[PDB]
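The chain below stands alone and is given as structure tokens, in the form deposited in one PDB entry.
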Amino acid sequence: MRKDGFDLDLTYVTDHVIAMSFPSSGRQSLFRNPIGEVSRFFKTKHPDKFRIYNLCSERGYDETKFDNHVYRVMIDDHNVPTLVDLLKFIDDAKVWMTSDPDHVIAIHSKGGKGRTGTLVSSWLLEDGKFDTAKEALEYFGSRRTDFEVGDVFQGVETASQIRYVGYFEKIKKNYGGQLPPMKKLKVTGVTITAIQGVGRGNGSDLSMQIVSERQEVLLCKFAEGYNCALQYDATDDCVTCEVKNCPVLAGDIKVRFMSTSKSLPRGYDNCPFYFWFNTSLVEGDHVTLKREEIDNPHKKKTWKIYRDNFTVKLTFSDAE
């Protein structure tokens, strides 16, 4: 049985904003579901000071029980909260932080990085500490790593996480802190540039899944023409796919690309590359994401595969 133990990692982002995590378990530990007991300690030994936010996956949410002093947010590892849930979090934090100058918010997630960073950086924007998502993200990265070099990827883990902090910035600045109006869209096309070196280099290994919040709503398989029609353009080093039968989409959308190619590595989320967007913040008839704006190609270790001009564009139709 060698070594067990409780390793509570606590990082003061500001004097009243804490990021907490438990980096050490491990495997079979006596300390199962530590949040309940950390909460119990706070309400006993430091009453009416700390409010804990527990950020956990769909599966991990089931293991939790309601707590008066704990606010739960459902977010999958290497993913983002719904924009609605992000705004609800900000509202709850605002109420807690403003009611008493001594009040502290403590944000917890398993890895103490991507999910925590998304919410902490959004909070820093709400409290006016920074004017831009980039500044907030870099600052949190610097606090959690104790390292000076400003890197947004030290603050969060994925490009969608960076996007969602940006979404909050836009909501605060341009929408009066309110959720933007619903926008209904259908995906009618996908275009991928710099396809050479990516799987088979011609799109024939690829499939695309569209997920609405947590439910698959469309699957396209490119080579086969399953809900689609693939065209490979060698002269422009790109693939374009007509997307067929897309249902009406609204709100938070996840797009995942899968491959039958052994040579194309999976990153996070059990796939080669993926991204999140919100339909309400789509401008025009498309969204185009560059290499470092896509989840997985954002990592330098994949740059021999996803080259400088690798981009993914979704083309939309207006659904009333």
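Superpose the two forms; the largest set of C-alphas matching within 1.5 Å is the rigid core. All residue numbers refer to positions in the sequence shown, first residue = 1.
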query	finding
294-302 set against 20-28, stretch whose average Cα temperature factor tops the other in the entry	20-28
Comparing 128-136 with 141-149, the one whose average Cα B-factor in the PDB entry is higher	141-149
Maximum C-alpha temperature factor, selected from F257, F42, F277, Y53	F42
Given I253, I35, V287, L281, the residue at which the Cα B factor reaches its maximum	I35
Third of chain Cα B-factors occupied by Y71	highest
Third of the chain's Cα B-factor distribution that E169 belongs to, per the entry	lowest
Position of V120 among the chain's modelled residues by C-alpha B-factor, lowest, middle or highest third	lowest
B-factor third for the C-alpha atom of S212 within its chain	middle
CA B-factor placement of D237, once the chain's modelled residues are sorted into thirds	highest
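There is another form of the same protein, the form solved in complex with a small molecule; it is not shown, and what comes next is about it.
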{"item": "Contact test in the entry with it bound: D77 vs the small molecule, heavy atoms, 4.5 Å", "value": "yes"}
{"item": "4.5 angstroms heavy atom contact with the small molecule in the entry with it bound for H103", "value": "no"}
{"item": "Contact label in the entry with it bound: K186 to the small molecule, heavy atom within 4.5 Å", "value": "no"}
{"item": "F42, heavy atom within 4.5 angstroms of the small molecule in the entry with it bound", "value": "no"}
{"item": "Among the candidates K262, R59, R266, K65, the residue which, in the entry with it bound, approaches the small molecule to within 4.5 Å (heavy atoms)", "value": "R59"}
{"item": "Candidate from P81, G199, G141, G114 lying within 4.5 Å of the small molecule in the entry with it bound - any heavy atom", "value": "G114"}
{"item": "Within 4.5 Å of the small molecule in the entry with it bound, all of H46, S122 and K129 (non-hydrogen atom)", "value": "no"}
{"item": "Per-stretch contact check against the small molecule in the entry with it bound, the hit in 105-113, 245-253, 87-95, 200-208 (non-hydrogen atom, 4.5 angstroms)", "value": "105-113"}
{"item": "Rigid-core-referenced C-alpha movement of 2 Å or more between this form and the one not shown, selected from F153, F89, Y139, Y167", "value": "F153"}
{"item": "Core-superposed comparison between this form and the one not shown, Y268 Cα displacement 2 Å or beyond", "value": "no"}
{"item": "Flag for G284, CA shift 2 Å or larger between this form and the one not shown after aligning core", "value": "no"}
{"item": "Cα displacement of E293 between this form and the one not shown reaching 2 Å, rigid core superposed", "value": "no"}
{"item": "Note on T116-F31 C-alpha separation in the entry with it bound, which departs from the shown form by 3 angstroms or more", "value": "closer"}
{"item": "Cα-Cα trend for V70 and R59, given that in the entry with it bound the distance shifts by 3 Å or more", "value": "closer"}
